[PDB]
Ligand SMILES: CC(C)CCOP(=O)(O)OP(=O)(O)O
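To begin, one chain is listed below as structure tokens, in the form solved without the ligand.
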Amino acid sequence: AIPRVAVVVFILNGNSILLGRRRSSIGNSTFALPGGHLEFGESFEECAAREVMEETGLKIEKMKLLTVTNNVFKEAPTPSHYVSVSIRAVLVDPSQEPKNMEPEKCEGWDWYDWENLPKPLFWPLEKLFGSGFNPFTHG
């Protein structure tokens, strides 16, 4: 009945970000970022590191705020409204590789080059990229 807060993480690895196909009632099979719901009392940075750990096993650091998007899902089975806070981060150990830690929510994680992204993107992400957003150009 109310807008809910989610945190999504751009893990910047060379020229690539991490994406995985959703297993979900909303945006099923589309490519999306790791992340999830902000917990009460939790900071954006703690949420980003926690969700990434829980979903991918990756240890990330240097979390920085990117932007925020308003995602109203009208056609969902139960209508939902999410406010999506995006975070950029990098691996702690640069040799790390993801693991599909939550196979019920995701088909698997992989690195995709910014200029060879997969399709279809989860539509909030498609809309953000369509606006010209680029997580690599904020120093």
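The numbering used is simple: start at 1 and walk along the sequence shown.
There is also a form solved in complex with the ligand; it is not shown, and the following applies to it.
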Pocket accessibility when the ligand, as posed in the entry with it bound, is superimposed onto this form, judged at 2.4 Å from backbone or C-beta: open
Answer option from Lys99, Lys59, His37, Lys64, heavy atom within 4.5 Å of the ligand in the entry with it bound: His37
For a quick test of understanding: in the entry with it bound, does each of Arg21, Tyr112 and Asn134 have a heavy atom within 4.5 Å of the ligand? no
Taking heavy atoms and a 4.5 Å cut-off, does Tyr82 contact the ligand in the entry with it bound? yes
Within 99-130, the residues having any heavy atom within 4.5 Å of the ligand in the entry with it bound are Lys105, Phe122
